[PDB]
Amino acid sequence: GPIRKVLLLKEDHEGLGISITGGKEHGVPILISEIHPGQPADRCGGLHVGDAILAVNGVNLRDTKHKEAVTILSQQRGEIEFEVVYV
Amino acid sequence: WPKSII
């Protein structure tokens, strides 16, 4: 689908509210496998199961290993920009 | 594949 830019607002006591799978070592993108109800990703409205996360706050995740992506994603705070695409 | 809750 079209590449989308999506804003997410997270408080410091919360996670992103997603589960991710995939990663470079598996030959697939970082993919959203779950959106957890009521948590920041669900609340932001623009992130969905099946979206590939191409970048977060300008950091490209297209060639990142699974655990690299976890570290990068979990470091982001506050107003967080995502670049995503549903394929 | 691995799954991480984040």
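Rules of the game
- Residues numbered from 1 in each chain as written, not as in the entry; some residues may be left out.
- Chains lettered and ligands numbered in written order.
- Heavy atoms only, no water.
- Contact = heavy atoms within 4.5 Å.
- Buried area = accessible area lost by both parts, 1.4 Å probe.
- Salt bridge = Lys/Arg side-chain N within 4 Å of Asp/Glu carboxyl O.
- Polar contact = N/O pair within 3.5 Å; in protein donor to acceptor, adjacent residues only side chain to side chain.
- Nonpolar A, V, L, I, M, F, W, Y, C, P; charged D, E, K, R; others polar.
- Helix = DSSP H or I, 4+ residues; strand = E, 2+ residues; numbered from the N terminus.

Undergrad: Got a minute to help me understand the interface of chain B and chain A in this structure?
TA: Many analyses report the size of an interface as the accessible area lost when the parts associate. On the side of chain A, 18 residues touch chain B, which itself brings six residues to the contact. Of the roughly 950 Å² buried between chain B and chain A on both sides combined, carbon and sulfur atoms contribute 62%. At the junction of chain B and chain A, the tally comes to one salt bridge. A salt bridge links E34 of chain A to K3 of chain B, with the shortest nitrogen-to-oxygen separation between them at 3.5 Å. Counting across the chain B and chain A interface gives six residue pairs in polar contact. Split by residue class, the side of chain B that touches chain A holds four nonpolar, one polar and one charged.

Undergrad: Please explain the pattern of salt bridges as it appears in this structure.
TA: Opposite charge on two side chains lets them pair, provided their charged atoms get close. Residue and element names in this part refer to chain A. By the definition in use, this model includes four salt bridges over all chains. The closest approach of N and O atoms between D51 and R4, which form a salt bridge, is 2.8 Å. Taken as a pair, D51 in strand β4 (residues 51-56) and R4 in strand β1 (residues 4-9) lie far apart in primary sequence, 47 residues in all.

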